[PDB]
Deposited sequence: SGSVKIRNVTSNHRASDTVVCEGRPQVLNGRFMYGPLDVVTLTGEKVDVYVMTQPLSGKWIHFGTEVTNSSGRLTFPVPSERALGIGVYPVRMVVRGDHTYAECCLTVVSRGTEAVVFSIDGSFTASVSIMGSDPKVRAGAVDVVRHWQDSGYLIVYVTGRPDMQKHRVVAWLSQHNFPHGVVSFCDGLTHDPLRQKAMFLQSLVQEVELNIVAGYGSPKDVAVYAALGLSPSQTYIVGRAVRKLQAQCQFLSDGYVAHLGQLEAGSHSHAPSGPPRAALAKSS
């Protein structure tokens, strides 16, 4: 019945082609195939005024790829995006983040970093907020399908987690996470300087090229992983203290 539309938070380096993606489903029992969707960008992020950028048609799997015209390409900043289904005026929302080349970022694996509605680990929000206030782009990744974005984002907003680029899976979640982060590093030209998560994430970060100094993992240390990461045995609050007195 009710629409369950999702639009991908898109991060892109300046000057580079800007491409927005979305998927449009109802109830994903129903797939919105072959329907016109209008793409809006709030080019003045605090104005509340939407600008129609163009229109695209969803494919057989309800997906949408919309290219931002070069004449309308957005400068460095974060811009709200809304994709409206013309047929019933339902919509999805996501942010377009345009960054300067070599922008430094921090990755958090949502379930493995933040959970213990699941309860939130103590001091997690403050660590993320610390990284953002220190000048780092926040990137949230999760193995969950974007079908659940509506629930995930809400959770993130409930605990007042800082605004960041949120990325969701379709398949193997680890290959997707690894390759996605790789695409951030090579095609978006981000400088990922630290990765957070649970033990299963170590491999992923290792695949990115992150050193064990830069890989923070929750829960007491595990011997197989011994030289592959830093364990946050004492918790996020303690970790925050150890960040604040510089350790990174």
Checklist entry - Unmodelled stretches of the deposited sequence, numbered from 1? => result 1 to 8, 36 to 37, 127 to 133, 188 to 190, 269 to 284
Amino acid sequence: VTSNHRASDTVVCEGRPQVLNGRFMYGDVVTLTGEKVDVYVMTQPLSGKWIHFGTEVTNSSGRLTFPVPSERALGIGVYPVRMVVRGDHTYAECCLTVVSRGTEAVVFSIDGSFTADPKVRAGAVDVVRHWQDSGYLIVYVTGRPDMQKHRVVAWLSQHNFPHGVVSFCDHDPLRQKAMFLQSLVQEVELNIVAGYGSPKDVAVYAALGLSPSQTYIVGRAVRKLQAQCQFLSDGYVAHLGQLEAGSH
From here on, numbers count along this sequence of modelled residues.
Item to check | Higher-B stretch (mean Cα B-factor, as the entry records it), 68 to 76 or 92 to 100 | outcome: 68 to 76
Next on the checklist: Mean CA temperature factor from the deposited coordinates, higher in 193 to 201 or in 30 to 38?
Outcome noted: 30 to 38
Checklist entry - Which listed residue, 82, 129, 119, 86, has the largest C-alpha temperature factor in the record? => result 119
Checklist entry - Should residue 179 be placed in the lowest, middle or highest third of its chain by the C-alpha B factor in the entry? => result highest
Checklist entry - Which third, lowest, middle or highest, does the CA B-factor of residue 215 fall in along this chain? => result middle
Next on the checklist: What third of the chain does residue 148 rank in for C-alpha temperature factor, lowest, middle or highest?
Outcome noted: highest
Checklist entry - With respect to C-alpha B-factor, does residue 62 fall in the lowest, middle or highest third of the chain as deposited? => result highest
Checklist entry - Thinking about Cα B factors across the chain, which third does residue 173 belong to? => result highest
